[PDB]
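Using PDB author numbering, read the sequence shown as starting at 1 and increasing by one per residue. All C-beta atoms, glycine included, are put in the ideal place defined by N, C-alpha and C. Here is the structure we will look at, set down as structure tokens.
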Amino acid sequence: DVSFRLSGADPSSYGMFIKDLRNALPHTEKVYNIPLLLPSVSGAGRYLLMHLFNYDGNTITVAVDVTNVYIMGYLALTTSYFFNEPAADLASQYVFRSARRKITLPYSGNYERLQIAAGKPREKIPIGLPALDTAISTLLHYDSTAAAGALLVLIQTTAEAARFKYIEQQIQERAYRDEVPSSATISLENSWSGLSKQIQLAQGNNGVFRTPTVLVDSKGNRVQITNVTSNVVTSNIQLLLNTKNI
Ligand SMILES: CCCCCCCCCCC[C@@H](O)CC(=O)N[C@H]1[C@@H](OP(=O)(O)O)O[C@H](CO)[C@@H](O)[C@@H]1OC(=O)C[C@H](O)CCCCCCCCCCC
Ligand SMILES: *[C@@H]1O[C@H](CO)[C@@H](O[C@@H]2O[C@H](CO)[C@@H](O)[C@H](O)[C@H]2NC(C)=O)[C@H](O)[C@H]1NC(C)=O
């Protein structure tokens with residue numbers, strides 16, 4: 001399991017949690033020095049438990065699929081909650097079985113569905129450590145519309161930061177003041193599958209992407225990534241989605 005406490009949290013302790021989260025995900029190989037997530041994991045081992053504590057010490061446990069860093073559901077006191085998707089119903093076979101009741105949320109976990117439920121696109125939702133304290137608080141008691149926006153904050157401040165060093169640094173900058181994600185952040189989120197795939201295909205193509213990936217940079221400018229020498233690959237990306245899962 002891994003844990004993070006918002007009480008006393010600072011850029012350093014958040015970085016330690018993001019490091020713990022990455023190091024909890026199993027891999028057999030690195031590709032271009034980036035951990036390659038496994039094609040498949042059977043049974044309860046598929047799921048990582050993240051214990052998150054809000055500023056007041058109240059807690060939820062979040063179940064993450066270790067092959068793809070996707071959140072499946074979470075436990076809040078005696079109630080479990082899962083996305084309305086088959087991978088999450090599958091997870092509910094293994095985690096939080098001891099919950100008194102299980103609620104299936106009225107959306108899947110993908111960004112488009114969650115933005116619809118929340119009434120707002122990600123571009124308009126501030127993120128940061130205060131926002132994560134709020135999301136934990138919101139998830140403690142069911143409210144499906146509030147929970148969709150809480151889950152957009154939770155996904156970006158845990159899974160997305162685990163996948164990209166740039167996104168982890170953006171959250172660190174927001175340790176004490178929330179701010180909507182930078183356009184580069186949204187770009188990286190959206191490109192993780194693309195990138196993971198192109199980095200894997202470069203292995204027999206001399207480091208060259210079969211298909212270039214378009215990103216927005218830190219300055220708001222629209223760069224084109226063509227090969228493994230890009231900073232996005234040498235410095236930023238930290239986990240690769242296996243191409244078996246793409
Ligand atoms: C009876 C009916 C049966 C069932 C109901 C349905 C089945 C629905 C399955 C949805 C599964 C979903 O949870 C997996 C997923 O996708 N997750 C998002 C993200 O996972 P997190 O927990 O968010 O890490 O992992 C990704 C990491 O960033 C993130 O992108 C994901 O969300 C999406 O992909 C949603 C939209 O597809 C993207 C929204 C942006 C729109 C702009 C296009 C993106 C640019 C693509 C590059 C050209
Ligand atoms: C591999 O990647 C780098 C991009 O990071 C490319 O080098 C760039 O080349 C373009 C050519 O238009 C320039 O605009 C950039 O200024 C260069 N940047 C750096 C850091 O070198 C390179 O073109 C790519 N190589 C291959 C073989 O496709």
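query                                                                                                : result
Ligand 1 heavy atom lying under 6 Å from the CB of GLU168                                            : no
Status (buried if at least 16 other CB within 10 Å, exposed otherwise) for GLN93                     : exposed
Residues near ligand 1, criterion Cβ-heavy atom distance below 5 Å                                   : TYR70, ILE71, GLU85, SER108, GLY109, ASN110, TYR111, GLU112, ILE155, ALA159, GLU189, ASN190 and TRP192
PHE209 vs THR229 beta-carbon contact at 7 Å                                                          : no
Candidates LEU152, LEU114 and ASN84, of which the one nearest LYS102 by Cα                           : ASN84
Identity of the residue in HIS51, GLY73, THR78 and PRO106 nearest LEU90 by Cα                        : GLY73
Given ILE34 as reference, the closest of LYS244, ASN245, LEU48 and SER235 once Cα atoms are compared : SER235
Sequence ranges, beta strand (DSSP E) only - wholly within the region 42-79, length at least 3       : 47-53, 59-65 and 70-76
Residue span of the alpha helix (DSSP H) that contains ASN227, given as start and end                : Premise fails: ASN227 lies in the beta strand (DSSP E), 224-227, not in any alpha helix (DSSP H).
Own chain, CB closer than 6 Å to residue 260, minus 5 neighbours either side, in chain order         : Residue 260 cannot be examined here, being either before or after the span of the chain that is shown, 1 to 246.
Straight-line gap, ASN190 to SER183 (C-alpha atoms, nearest Å)                                       : 11 Å
Cβ pair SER196, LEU240 closer than 7 Å                                                               : yes
Nearest residue (CA-CA) to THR104, options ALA88, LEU154, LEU52 and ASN242                           : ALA88
Candidates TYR70, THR28, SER7 and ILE60: closest to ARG163 by CA position                            : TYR70
Straight-line gap, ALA9 to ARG100 (C-alpha atoms, nearest Å)                                         : 31 Å
Reduced DSSP category for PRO181 - H, G, I as helix; E, B as strand; rest coil                       : coil
Under the three-state DSSP convention, the category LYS30 falls into                                 : strand
Contacting residues, own chain, Cβ-Cβ under 6 Å from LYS219 (five flanking each side not counted)    : none
Exposure label - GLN238; buried when at least 16 CB within 10 Å                                      : buried
Integer Cβ distance of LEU75 from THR61, believed to fall under 8 Å                                  : 4 Å
Contact test: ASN58 Cβ vs ligand 2 heavy atom, cutoff 6 Å                                            : no
Whether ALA24 touches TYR47 by CB criterion (7 Å)                                                    : no
Bridge partners - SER3, DSSP secondary structure assignment                                          : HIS51
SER187: CB within 6 Å of a non-hydrogen atom of ligand 2                                             : no
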